[PDB]
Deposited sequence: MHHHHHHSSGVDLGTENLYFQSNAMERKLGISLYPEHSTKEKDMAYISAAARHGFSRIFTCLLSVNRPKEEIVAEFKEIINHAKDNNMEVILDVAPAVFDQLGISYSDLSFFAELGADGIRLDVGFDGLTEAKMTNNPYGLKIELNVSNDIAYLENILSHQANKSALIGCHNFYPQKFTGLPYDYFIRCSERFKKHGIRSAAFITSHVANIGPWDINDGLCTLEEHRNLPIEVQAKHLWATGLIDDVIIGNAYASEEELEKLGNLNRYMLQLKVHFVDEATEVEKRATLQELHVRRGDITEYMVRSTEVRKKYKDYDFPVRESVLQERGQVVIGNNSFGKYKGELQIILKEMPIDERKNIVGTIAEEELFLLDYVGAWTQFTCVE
């Protein structure tokens, strides 16, 4: 399943000019999805048209107070779908998927109940359904990890497109007065924007990553657009002593964690076939600690040129050279390198 980047808009808290400029900005970094919020016609129509000219999928969230299943009004705007933030009896959802306007029905992923099982037990077009998590403006009210996974696995089990929200650290606009950041997972509230996106995609359970607040900076859009969406990339910082060959082993290789794992380190064993002829002089070895990129040196015999990323502390081993460290904010990402997982290391 294709992976998209998205942005959120709140046109009532802004002008059509800056919203259209933002859509343009996000478009030149591979964003192709918009979440838009009607809290309180022609200008929404202009903005949405500008979005559709820039090949962006538009999902409308409209407050149920500001008015039934004549979804024609959403069609006339040029929206591609509507969010059902709160659900019904399942039957109503089912009938909405048969709308004659080709509109997507976006469901709330964030409720861990047999919601889909209910909807699909009625005569429902599964192919019209998508799903998106809530975001959480109040600090500490975001979703916990295990709950978030259960929720996302429901939608994955049924092959339905999923999405979640990440938060910008520049953006100043959300739907309400309280805005402590707009992300789905609580743990993402104070993480770098690109790390949040990396995490969501690394779960294997999220297809689309949407910035929940507006406007993300040019730099933030660029960072997100630069990411490989379909493979884990771990930011590495080299030590001063790292040789050219150690850096090439680190950066030029598609690493694979050998499937017979150890809990102490990620072993990239195919690397040492290419590098076993090369010079890895012994230098000052240090305590092995989580996040270190190390390599087997000249004195490691069979294991010379074996690149490892440390997962758990081990005593000094003079048969290894320390090469660098994975960025501290990204250490939790090591848990997504399982048996046989490909990953790269990037600067």
Coordinate gaps, deposited numbering: 1 to 24, 65 to 72, 100 to 105
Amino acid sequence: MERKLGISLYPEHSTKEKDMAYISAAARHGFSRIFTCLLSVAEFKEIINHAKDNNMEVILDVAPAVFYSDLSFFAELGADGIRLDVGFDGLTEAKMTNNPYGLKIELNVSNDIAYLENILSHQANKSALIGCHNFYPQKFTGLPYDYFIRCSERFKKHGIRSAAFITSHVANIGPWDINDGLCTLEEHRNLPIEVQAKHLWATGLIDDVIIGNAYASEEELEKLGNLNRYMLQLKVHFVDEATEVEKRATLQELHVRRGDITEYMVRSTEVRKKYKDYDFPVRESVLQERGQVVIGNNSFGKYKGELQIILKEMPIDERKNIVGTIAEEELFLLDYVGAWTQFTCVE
From here on, numbers count along this sequence of modelled residues.
As the entry reports it, the stretch among 68 to 76 and 206 to 214 with higher mean C-alpha B factor is 68 to 76
Among the modelled residues of its chain, the C-alpha B-factor of residue 32 falls in the third labelled lowest
Among modelled residues of the same chain, the CA temperature factor third for residue 87: highest
When the modelled residues of the chain are sorted by Cα temperature factor, does residue 150 land in the lowest, middle or highest third? lowest
Chain third (lowest, middle, highest) by recorded CA B-factor, residue given as residue 57: highest
For residue 279, the third of its chain into which the C-alpha B factor falls: lowest
